[PDB]
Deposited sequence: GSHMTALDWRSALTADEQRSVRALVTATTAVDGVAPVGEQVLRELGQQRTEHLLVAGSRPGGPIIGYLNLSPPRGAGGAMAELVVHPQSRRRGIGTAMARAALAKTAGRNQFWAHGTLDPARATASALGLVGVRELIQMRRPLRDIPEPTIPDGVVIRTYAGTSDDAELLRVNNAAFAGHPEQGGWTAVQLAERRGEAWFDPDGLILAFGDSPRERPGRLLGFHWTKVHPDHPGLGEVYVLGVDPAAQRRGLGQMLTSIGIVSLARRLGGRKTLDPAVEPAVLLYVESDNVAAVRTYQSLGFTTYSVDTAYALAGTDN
């Protein structure tokens, strides 16, 4: 009988991290994301832990349900305990609990998840594509005159940065409607580098920005973290230009070494921008729902 938990002891947390680590080693992709792992020590989400057969042992299944749209579930069954109905049981428990509204993330959209989705009568409703390109044979930026490029100068630039971010991402669930609070939270992370946030200004109002990211724990990789062009300055080549400039900067600072990004599969403009600069699909995360 699956018991929804709102909190976990230190041992239980260690048992879930062990299950996740064991699974990544076999599957080659982590089964739940980094934020799920940060939620293990908090009381903000709900969890299912499926214990093994004998006392004193490791767990064999885990599901996290994060509140919102519908809630989002991430789950994992140990490679050695698959094809025994555990994933199906935890998934049906989440659907019953959320009235059939929650979604499920499948990192890497691996064969088992696709089949399990099929078996549960779910369909893919979102695809988040991770694209990558090598740090070699990189593009050259074309800077149109009437535009000047420089890096972020601190809080002096925040008003414009939020204005542009919020105009470009207007109506976007998570990236739109930002405030100084979101900026401060990110500037507070160890990976932040003000010189990695590139800005293009008219020659002037901010026209667009490309926030790049190098994480200390993933050597040799750079990320196009947020790219946004004010709609008043879109369709003039700035988005590509900014992405190019960021690749140059990351390649200077830095499987194979590379620049990666995550983009919604139906974001036509961004996908085209990235395709023009040589990015290709590396992996896809599919959100499954009824």
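Mapping the modelled residues onto the deposited sequence reveals missing stretches at 1 to 5, 74 to 76, 212 to 217, 269 to 277, 314 to 318.
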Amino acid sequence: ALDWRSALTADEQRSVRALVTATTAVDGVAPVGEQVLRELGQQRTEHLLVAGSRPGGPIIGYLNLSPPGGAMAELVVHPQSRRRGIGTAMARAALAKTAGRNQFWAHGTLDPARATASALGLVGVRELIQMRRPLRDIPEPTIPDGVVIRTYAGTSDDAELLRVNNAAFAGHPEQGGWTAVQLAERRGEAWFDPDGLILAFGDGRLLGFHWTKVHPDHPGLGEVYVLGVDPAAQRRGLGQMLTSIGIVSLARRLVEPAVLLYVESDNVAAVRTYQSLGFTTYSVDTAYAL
From here on, numbers count along this sequence of modelled residues.
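Two stretches are in play, 39 to 47 and 237 to 245, and the higher mean C-alpha B-factor belongs to 39 to 47. The PDB entry records a higher mean C-alpha B factor for 138 to 146 than for its counterpart among 138 to 146 and 162 to 170. Going by the entry's values, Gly56 shows the largest Cα B-factor out of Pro31, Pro231, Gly222, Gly56.
Ranking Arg186, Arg101, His210, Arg132 by the C-alpha B-factor listed in the PDB entry places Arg186 at the top. Per-chain ranking of the deposited C-alpha B factor places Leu19 in the lowest third. Residue-level temperature factors show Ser276 in the lowest third of its chain, judged at the C-alpha atom.
For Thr179, the recorded CA temperature factor ranks within the highest third of the chain's modelled residues. Among all modelled residues in its chain, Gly108 ranks in the middle third by Cα B-factor. In this PDB entry, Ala7 carries a Cα temperature factor that places it within the highest third of its chain's modelled residues.
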